[PDB]
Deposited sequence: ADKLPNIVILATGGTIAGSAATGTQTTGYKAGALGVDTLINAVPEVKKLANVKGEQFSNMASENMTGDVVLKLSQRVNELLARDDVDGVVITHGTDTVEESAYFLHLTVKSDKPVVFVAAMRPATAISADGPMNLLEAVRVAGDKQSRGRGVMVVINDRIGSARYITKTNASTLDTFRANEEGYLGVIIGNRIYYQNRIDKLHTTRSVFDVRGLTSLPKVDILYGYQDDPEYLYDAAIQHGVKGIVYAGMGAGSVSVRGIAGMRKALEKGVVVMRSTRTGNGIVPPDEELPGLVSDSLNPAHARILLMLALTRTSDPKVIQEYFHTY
C-alpha cells in the first residue's frame, strides 16, 4: 500500500475526524493526517498557500511519501490547486479534495470524495499528471477545473477541457493528459520565498469605474487581472485606467468574466491576454510570473504555455 499524507487546511469537508469518519481509506493506503491549517477557503491567502506548497514539496521529497491529499474548501480550491500545480517540483500525485455539503448534512459528499481522492493519490498511474482536484467522481486538472455553480455537488467542471479522468465503480479511468507545462517542468520555484507580488482583480461591466484602477495602483499592486466583458473587451474608462496602470509599471492582464474561452491577442488594446485562464487562475499565474520577470513578452509566453 502506498504511503499517503492527508493535509487539512479547512473546508466544508480535525483531520483525524475525517480519517476516522471514513475507515475505508486505510484499505487503499497507509494514511497519516496532518493539520496544516483550519480556515474557510475564502480566507486562504497567497502567503499561506505559499507555505502549503513548500510543505508539500518537502513531503514529496521524502521516500516514505508516495502522494498527498489536501482537504480544502470548495470556494477557492481552484486557486490553491493551480498555485501548487505551478510550484510543486515532483511527479508524485498531489490531489486536492473538497465537499459541497457539510460533513453533517444528509447525503454529504465529503466521505466519497475523500475516498476517491486517496485512491487517485495512491495509484501509480496518477503520477506526472499535474495537480488534480477530485470531487463528485471526477478528476479535474488544476489548470482547467473551476467552481462553476454556487451551490451544486457537480459544480466543478472544465466545460471546454473536460476532466483528466473519472472514478466509477472504484476504478480510475484516465481520459486526458494536460498539454501544458506544470510541476516538475515548471520554471516557477518559490521555496526561497515568503510572499508573492500583489495582484488584484477588476470586473468588466457597463459603466465600469475608472477610479478602481487608480485605487489599485495607489495601493501598490504589481499586477491587475481584468475579468473583462467578452474577450477581454475594455470600455473607454477601463482603457484610461489601464493606461495609468501601465505608465506606473503595473502589468495588466486581460481575462474574461464569461467563464470559459480564449481571450485572443489584440495589439489595439492595452495589456496582455490570458489565453484560456479565467480571472482566479490568471491572478495566480501572474503573481508567480512577477517573481521571475517584469518583461511583458516573457509574461505573455507563460500564459500561453502554463
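Residues 1-3, 17-34 of the deposited sequence have no C-alpha coordinates in the model.
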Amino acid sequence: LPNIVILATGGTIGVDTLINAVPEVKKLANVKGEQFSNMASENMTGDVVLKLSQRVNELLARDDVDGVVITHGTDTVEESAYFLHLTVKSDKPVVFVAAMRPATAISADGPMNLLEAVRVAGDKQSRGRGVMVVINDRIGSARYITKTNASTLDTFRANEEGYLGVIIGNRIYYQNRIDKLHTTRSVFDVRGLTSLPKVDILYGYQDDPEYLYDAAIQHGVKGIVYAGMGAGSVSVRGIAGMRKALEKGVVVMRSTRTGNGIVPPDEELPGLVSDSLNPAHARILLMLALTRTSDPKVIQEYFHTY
From here on, numbers count along this sequence of modelled residues.
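Rigid core here is just the name for the largest C-alpha set that superposes within 1.5 Å across the two forms.
Two stretches, 88-96 and 190-198, are weighed by how far their CA atoms sit from the shown form in 6 other deposited structures of this protein after rigid core superposition; the farther one is 190-198. The deposited model assigns a higher average Cα B-factor to 68-76 than to the other stretch when 152-160 and 68-76 are compared. Remark: stretch with higher mean C-alpha B factor among 179-187 and 226-234 is 179-187. Note on the listed residues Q125, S107, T146, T87: the highest Cα temperature factor in the record is that of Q125. Across the residues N260, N38, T45, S255, the deposited record lists the maximum Cα B factor for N38. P93: CA B factor lies in the middle third for its chain, per the PDB record. For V166, the recorded CA B-factor ranks within the lowest third of the chain. Only modelled residues enter the ranking.
Annotation for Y213: CA B-factor lies in the middle third of the chain's modelled residues. Ranked against the other modelled residues of its chain, the C-alpha B-factor of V49 as given in the entry falls in the middle third. Annotation for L277: C-alpha temperature factor in the lowest third relative to the rest of the modelled chain, per the entry.
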